[PDB]
Amino acid sequence: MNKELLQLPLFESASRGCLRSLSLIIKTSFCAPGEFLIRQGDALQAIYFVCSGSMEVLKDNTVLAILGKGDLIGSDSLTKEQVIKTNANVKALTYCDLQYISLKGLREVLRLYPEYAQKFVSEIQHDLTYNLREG
């Protein structure tokens, strides 16, 4: 009993073959305490998942987003696939490990898996923790 990998049901619910697909384009992102991950207007191409630690986006003198372990970063509507840029600033409060991948990378691999893939864009909401919108 513990934090299962199904944080991303797309692959965890796929044959290791898909995970091998994602792995073909798997990306790893890490943040440190007070570490700045994004700066207002940054380009959003990948989505990240936090497994442990603490992070938040700072804007308007206040944290525009407050998330912790298991949280998710990125806007929803992965089916609309559009240009999105974080208008706020991202700063990891406490050392946290984050896993991310290029939306193009995940969809290609999943492309190999059309049923689970087409479902991925819609299945994401099952994990969507924090929706980051542009501007």
# chains A, B, ... in the order shown; residues from 1 in each chain; ligands from 1
call {"tool": "residues_around", "arguments": {"residues": "residue 124 (chain A)", "least_positions_apart": "4", "cutoff": "9 Å", "atoms": "only C-alpha atoms", "output": "short mmCIF file (atom, residue, chain, number, x, y, z; two decimals) with N, CA, C and O atoms, in the first residue's frame"}}
result
data_model
loop_
_atom_site.label_atom_id
_atom_site.label_comp_id
_atom_site.auth_asym_id
_atom_site.auth_seq_id
_atom_site.Cartn_x
_atom_site.Cartn_y
_atom_site.Cartn_z
N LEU A 8 -0.11 8.34 -13.68
CA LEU A 8 -0.34 8.51 -15.10
C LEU A 8 -0.95 7.20 -15.60
O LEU A 8 -0.24 6.30 -16.05
N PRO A 9 -2.25 7.07 -15.50
CA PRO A 9 -2.98 5.84 -15.91
C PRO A 9 -2.77 5.49 -17.37
O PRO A 9 -3.00 4.35 -17.79
N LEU A 10 -2.34 6.47 -18.14
CA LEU A 10 -2.12 6.25 -19.57
C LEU A 10 -1.15 5.11 -19.81
O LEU A 10 -1.42 4.24 -20.64
N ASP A 76 -5.66 21.97 -18.37
CA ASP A 76 -6.46 20.86 -18.87
C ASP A 76 -6.78 21.05 -20.35
O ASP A 76 -6.22 21.93 -21.01
N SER A 77 -7.67 20.21 -20.87
CA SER A 77 -8.05 20.29 -22.28
C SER A 77 -6.89 19.84 -23.17
O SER A 77 -6.65 20.41 -24.23
N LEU A 78 -6.18 18.82 -22.72
CA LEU A 78 -5.04 18.29 -23.47
C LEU A 78 -5.47 17.94 -24.89
O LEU A 78 -4.63 17.66 -25.75
N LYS A 119 -7.97 8.20 -25.42
CA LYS A 119 -8.52 8.25 -24.08
C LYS A 119 -7.63 9.07 -23.13
O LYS A 119 -8.11 9.60 -22.13
N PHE A 120 -6.33 9.13 -23.43
CA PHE A 120 -5.39 9.85 -22.56
C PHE A 120 -5.75 11.32 -22.40
O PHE A 120 -5.80 11.83 -21.28
N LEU A 128 -5.54 15.58 -13.26
CA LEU A 128 -5.49 17.03 -13.24
C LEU A 128 -5.66 17.57 -11.82
O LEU A 128 -6.75 17.51 -11.26
#
call {"tool": "residues_around", "arguments": {"residues": "region 86-88 of chain A", "least_positions_apart": "3", "cutoff": "6 Å", "atoms": "only C-alpha atoms", "output": "list in words"}}
result
residues 40, 41, 42, 59, 134 and 135 of chain A
call {"tool": "closest_residue", "arguments": {"among": "A:48, A:36, A:11, A:95", "to": "residue 123 (chain A)", "atoms": "only C-alpha atoms"}}
result
A:11
call {"tool": "closest_residue", "arguments": {"among": "A:129, A:109, A:54, A:122", "to": "residue 14 (chain A)", "atoms": "only C-alpha atoms"}}
result
A:109
call {"tool": "atom_distance", "arguments": {"atom1": "CA of residue 117 (chain A)", "atom2": "CA of residue 130 (chain A)"}}
result
21.4 Å
call {"tool": "closest_residue", "arguments": {"among": "A:51, A:1, A:25, A:90", "to": "residue 64 (chain A)", "atoms": "only C-alpha atoms"}}
result
A:90
call {"tool": "residues_around", "arguments": {"residues": "residue 21 (chain A)", "least_positions_apart": "4", "cutoff": "9 Å", "atoms": "only C-alpha atoms", "output": "ChimeraX atom specification"}}
result
/A:11,16-17,25-26,105-106,108-110,112
call {"tool": "write_last_selection", "arguments": {"atoms": "N, CA, C and O atoms", "output": "compact mmCIF listing (two decimals), in the first residue's frame"}}
result
# COMPACT_ATOMS: atom_id res chain seq x y z
N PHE A 11 -0.04 5.11 -19.10
CA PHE A 11 0.94 4.06 -19.30
C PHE A 11 0.74 2.94 -18.28
O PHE A 11 0.73 1.77 -18.64
N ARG A 16 3.50 -2.67 -20.80
CA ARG A 16 4.81 -2.09 -20.60
C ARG A 16 5.32 -1.57 -21.94
O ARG A 16 6.21 -0.73 -22.00
N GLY A 17 4.72 -2.09 -23.01
CA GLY A 17 5.10 -1.67 -24.35
C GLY A 17 4.90 -0.17 -24.50
O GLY A 17 5.74 0.52 -25.08
N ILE A 25 10.45 8.77 -24.97
CA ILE A 25 10.47 10.24 -24.85
C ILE A 25 10.28 10.72 -23.40
O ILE A 25 9.84 11.85 -23.18
N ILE A 26 10.59 9.88 -22.42
CA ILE A 26 10.43 10.26 -21.03
C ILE A 26 11.37 11.39 -20.65
O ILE A 26 12.56 11.35 -20.96
N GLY A 105 5.58 14.23 -27.22
CA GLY A 105 6.23 12.95 -26.99
C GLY A 105 5.24 11.89 -26.52
O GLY A 105 5.27 10.76 -26.98
N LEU A 106 4.40 12.27 -25.57
CA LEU A 106 3.42 11.35 -25.00
C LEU A 106 2.35 10.94 -26.01
O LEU A 106 1.95 9.79 -26.06
N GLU A 108 2.60 10.86 -29.25
CA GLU A 108 3.17 10.09 -30.34
C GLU A 108 3.22 8.62 -29.95
O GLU A 108 2.71 7.74 -30.65
N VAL A 109 3.80 8.38 -28.79
CA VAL A 109 3.90 7.04 -28.25
C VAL A 109 2.51 6.45 -28.11
O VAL A 109 2.20 5.37 -28.62
N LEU A 110 1.65 7.19 -27.44
CA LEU A 110 0.28 6.76 -27.27
C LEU A 110 -0.35 6.58 -28.65
O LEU A 110 -1.21 5.73 -28.84
N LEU A 112 0.84 5.12 -30.89
CA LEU A 112 1.05 3.70 -31.14
C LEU A 112 -0.10 2.95 -30.49
O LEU A 112 -0.49 1.87 -30.93
call {"tool": "select_by_dssp", "arguments": {"residues": "region 100-132 of chain A", "states": "helix (DSSP H, G or I)", "output": "mmCIF file with C-alpha atoms, in the first residue's frame"}}
result
data_model
loop_
_atom_site.group_PDB
_atom_site.id
_atom_site.type_symbol
_atom_site.label_atom_id
_atom_site.label_comp_id
_atom_site.auth_asym_id
_atom_site.auth_seq_id
_atom_site.Cartn_x
_atom_site.Cartn_y
_atom_site.Cartn_z
ATOM 1 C CA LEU A 103 2.965 16.609 -24.769
ATOM 2 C CA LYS A 104 4.094 15.801 -28.309
ATOM 3 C CA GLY A 105 6.232 12.949 -26.990
ATOM 4 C CA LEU A 106 3.420 11.345 -25.002
ATOM 5 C CA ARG A 107 0.824 11.598 -27.754
ATOM 6 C CA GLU A 108 3.174 10.086 -30.344
ATOM 7 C CA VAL A 109 3.905 7.044 -28.246
ATOM 8 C CA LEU A 110 0.285 6.759 -27.272
ATOM 9 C CA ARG A 111 -0.359 7.209 -30.978
ATOM 10 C CA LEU A 112 1.051 3.704 -31.137
ATOM 11 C CA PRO A 114 -4.881 4.730 -30.320
ATOM 12 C CA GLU A 115 -7.525 3.425 -27.894
ATOM 13 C CA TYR A 116 -5.654 4.295 -24.720
ATOM 14 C CA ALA A 117 -4.188 7.375 -26.376
ATOM 15 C CA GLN A 118 -7.353 9.027 -27.587
ATOM 16 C CA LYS A 119 -8.522 8.252 -24.077
ATOM 17 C CA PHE A 120 -5.392 9.847 -22.558
ATOM 18 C CA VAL A 121 -6.349 13.411 -23.420
ATOM 19 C CA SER A 122 -9.667 12.802 -21.654
ATOM 20 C CA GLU A 123 -8.264 10.425 -19.021
ATOM 21 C CA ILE A 124 -5.869 13.140 -17.837
ATOM 22 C CA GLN A 125 -8.584 14.899 -15.809
ATOM 23 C CA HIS A 126 -8.436 11.884 -13.503
#
call {"tool": "select_by_dssp", "arguments": {"residues": "region 2-130 of chain A", "states": "strand (DSSP E or B)", "output": "PyMOL selection string"}}
result
chain A and resi 26-31+35-38+42-44+46-59+62-68+72-73+84-86+89-102+130
call {"tool": "closest_residue", "arguments": {"among": "A:28, A:13, A:45, A:62", "to": "residue 74 (chain A)", "atoms": "only C-alpha atoms"}}
result
A:45
call {"tool": "closest_residue", "arguments": {"among": "A:75, A:99, A:82, A:61", "to": "residue 132 (chain A)", "atoms": "only C-alpha atoms"}}
result
A:75
call {"tool": "closest_residue", "arguments": {"among": "A:100, A:30, A:49, A:113", "to": "residue 15 (chain A)", "atoms": "only C-alpha atoms"}}
result
A:113
call {"tool": "atom_distance", "arguments": {"atom1": "CA of residue 73 (chain A)", "atom2": "CA of residue 93 (chain A)"}}
result
14.7 Å
